[PDB]
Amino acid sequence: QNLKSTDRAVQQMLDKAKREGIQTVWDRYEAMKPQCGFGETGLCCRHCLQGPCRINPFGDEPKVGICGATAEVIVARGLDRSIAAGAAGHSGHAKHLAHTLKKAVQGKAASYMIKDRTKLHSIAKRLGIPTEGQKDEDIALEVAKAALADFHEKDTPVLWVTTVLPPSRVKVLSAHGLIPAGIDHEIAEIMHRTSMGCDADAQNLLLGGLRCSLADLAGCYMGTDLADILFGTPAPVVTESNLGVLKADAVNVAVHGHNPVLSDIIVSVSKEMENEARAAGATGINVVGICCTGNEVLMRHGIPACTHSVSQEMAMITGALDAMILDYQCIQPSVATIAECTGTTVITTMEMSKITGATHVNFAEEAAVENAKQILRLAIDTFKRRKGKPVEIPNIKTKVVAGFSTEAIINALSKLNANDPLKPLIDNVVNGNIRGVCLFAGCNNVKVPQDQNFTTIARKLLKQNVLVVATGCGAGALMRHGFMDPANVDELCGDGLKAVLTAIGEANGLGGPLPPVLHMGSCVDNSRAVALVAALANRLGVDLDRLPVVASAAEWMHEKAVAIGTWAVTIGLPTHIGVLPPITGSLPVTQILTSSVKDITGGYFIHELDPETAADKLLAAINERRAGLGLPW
């Protein structure tokens, strides 16, 4: 079972699932083997009814698609469509928040409101919306309107790209025609240009993909901006993670999916309705997080994280999960089937994301509180139905310190230098205490034993004094293995990095260091790491492709993460990926993405499946950046 997951709590429930005959994602993966090699290499195309077409990676025919499409064209078209799908997912999430803010400040969704006035005002100034002399509800309405405007063509390009990156970076991107004109405009243009009998030039295709990946960055950043306005900018918090955060005695309610517009309300209302859970014989309502919406409520409210990504079914297998509350993205549809065996009430809430067999509760922002009550009452009723039934919650959990927004990181640094808060961090980069910065992002993937790449690469980089920040299921993987607990700084961190984490933590009145890894939030909160690295770049007067900053999507899965890794490359970062995407069937495409894209953006993909080697290659990329600045390494 340790070949399936490195998580001991996950291993325990794989054993339960096996003896109870419940099929798991790993069983379904086993049943899928050997997987198709055409699809695995990218040498397959179904973009018209003359297909499916395939190309032998080596040997005799077929060598070309029926229409004449080459291996490099087919491979670039499929990758482009992946980026556009990811962009669409982050786009719909941000759009949802934009509509919610608009409804809130027009008196239509009274359950929502401007909770962060400081963020609202700083966003308006970033965008050049006037603050002085304007009411907050009118500033917010203007900000919401500008968010919605970035989805279509207009007189300006996408502001959630051009106002968030260093200006030298925007200039370099504009010179190559890479600045998105509108978020949904780029998505549609990708779908067009990759359809049959359109764009048939690998380089042209890939440049379109880089541009669309910046449409995804825009959606992430606007998702983060809007969620902070509506729900508060995260600040450091302490909580726990892994399955041991379930309580046999309480009504265990999982928020699962991505968008907090729903889950943030569930958190708030659950607190009020906890007298009503006691009436049914539970201690209360134990709200726990799964996947990114769990990260959202962990980052803002300290909701404990139950589990993540590939292992999400395992929360159900305990027998104690009374309800799983879904919006969209990364929900294994199997949870609807597994619920028949575990008793869990699975509830979908968004019109465009239903699962056959799951209870659907239409959720409307105008009636959010009533909807949350109806859903929490279904959870209460399910906990009743399992009173007396035996549960197996693995007694396994870790301590998690999280909530490291870019605002919170800068504020923490400000305690060392009040008027130049980035200077102490840069000072320790220059003197070697911080070797560089690595962002871990993305998913788990059934192809990789869960968390194995994340923890192995992280252990090695931390020893080498790398400041590690993490998001999404990368943060989930690290937090479930102890990397967000300050008690592990001595074991995990190098002396230089420990010095820095200790100085900052003690200067923030903690008596202890910062945790070994800084949790910066959900997948859209990859935008927070951009905001930080862009702030570092601007204080130093250099572009991102000169900073000792790298990224690792060490176990990635979703089209969203493909878009993120592409925009990490596009904004100039060396970007390690731990599962090969379907590109190896074209050497020219692989070469563009791993080498010659350096000449355009300064970033590049690092393909490396073995995580020890991956850590070496990431350190090498960090140290090459150090040298280009004339720094010791």
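Sequential numbering from 1, following the sequence displayed.
In this entry, 262-270 shows the higher mean Cα temperature factor of the pair 86-94 and 262-270. Between 443-451 and 357-365, the higher mean Cα B-factor belongs to 357-365. The maximum CA B-factor among the listed residues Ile396, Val524, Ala218, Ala320, taken from the PDB record, is found at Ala320. The residue among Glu72, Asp225, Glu189, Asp490 whose C-alpha carries the highest B-factor in the deposited model is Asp490. Among the modelled residues of the chain, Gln591 sits in the middle third by CA temperature factor in this PDB entry. Among all modelled residues in this chain, the alpha-carbon of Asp545 has a temperature factor (C-alpha) in the middle third. Residue-level temperature factors show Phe404 in the lowest third of its chain, judged at the C-alpha atom.
Among the modelled residues of its chain, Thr156 has a C-alpha B-factor that falls in the middle third, as given in the PDB entry. The entry lists a Cα temperature factor for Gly343 that places it in the highest third of the chain's modelled residues.
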